[PDB]
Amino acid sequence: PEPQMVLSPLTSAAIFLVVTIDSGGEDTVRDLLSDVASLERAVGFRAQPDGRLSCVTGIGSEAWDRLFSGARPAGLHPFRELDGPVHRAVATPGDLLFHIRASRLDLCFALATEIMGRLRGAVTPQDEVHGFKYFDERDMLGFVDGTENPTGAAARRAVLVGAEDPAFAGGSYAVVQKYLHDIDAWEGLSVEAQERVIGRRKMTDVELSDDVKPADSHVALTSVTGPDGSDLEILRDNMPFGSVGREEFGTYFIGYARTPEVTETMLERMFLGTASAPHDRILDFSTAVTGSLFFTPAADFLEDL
């Protein structure tokens, strides 16, 4: 069974578009979802082969129910507020996601255009982000970001619903959250200190030896081992965004996993603490201003509506 373009090459542009369905607009959305497959290609085909245009369409809990005839993804729920001693992970409205990516921005902008064209009226926009990669895979804190993602079969294994919920095998669970960074603060740190916050070296992107790496460091609190005894894995594609004018500097978080337990556990760790840690040090510089969750169906699923 065939999934949407979750596993993409590195792509260096993206548009993240989040919307909510006015009541009334649920037949208009059924319609767009059937066609969304074919608009990917309308825009993408003439740009082969550099384009690498891909759209991942995800649906939120509330919206699922309004929209669909029968039974529900196992894992799907509203995103869960995390009300921690110090940091708060908020929970924002979000019925639909379009995760648009390609090797150039206009390709994304063309597809977003053609989509909202068919929705004008039936939805209301919540959030829109125009993302770009730094020329050597850095995020807004200046660290290489993407290094430890899974590949090949590991990724096919850690992202796609399989036999555990087999009416939607080929689906995935996306979490999104927009973060805004306190760059004045962050850049006030020594590099040595910043490594302590992330858990890897700034310039060479090597992992800090197991005994020099703080446990409040991001890489510590997100390395998390199952019942299974094996490592538990998500797939990210965090895109910097922002505005120099509005002093806005951001990293847009997106995290695919085969179940939301995995993503959600990493987030408890980050916002609430462990045995040995108050909260994730990175959040002392990064404020979450969105949060939603979505299921991103198989592609077979959408074509048939």
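We call the rigid core whatever largest set of C-alpha positions still superposes within 1.5 Å between the two forms. Start at 1 and count along the sequence shown; that's the residue number.
- A fit on the rigid core, followed by a root mean square over CA positions in 8 other deposited structures of this protein, ranks 247 to 255 against 62 to 70 and picks 62 to 70 as the more shifted one.
- After superposition on the rigid core, the larger root-mean-square Cα deviation in 8 other deposited structures of this protein belongs to 220 to 228, not to the other of 100 to 108 and 220 to 228.
- The stretch with the higher mean CA B factor, choosing between 161 to 169 and 99 to 107, is 161 to 169.
- Higher mean CA temperature factor between 41 to 49 and 250 to 258: 41 to 49, per the PDB entry.
- The entry lists C-alpha B-factors for 115, 234, 129, 144, and the highest of these is at 115.
- In this entry, the residue among 94, 121, 125, 199 with the greatest C-alpha B factor is 121.
- In the PDB entry, residue 57 places in the lowest third of its chain by CA B-factor.
- Per-chain ranking of the deposited C-alpha B factor places residue 178 in the lowest third.
- Per-chain ranking of the deposited C-alpha B factor places residue 277 in the highest third.
- Sort the chain's modelled residues by C-alpha temperature factor and residue 27 lands in the highest third, per the entry.
- Sort the chain's modelled residues by C-alpha temperature factor and residue 240 lands in the lowest third, per the entry.
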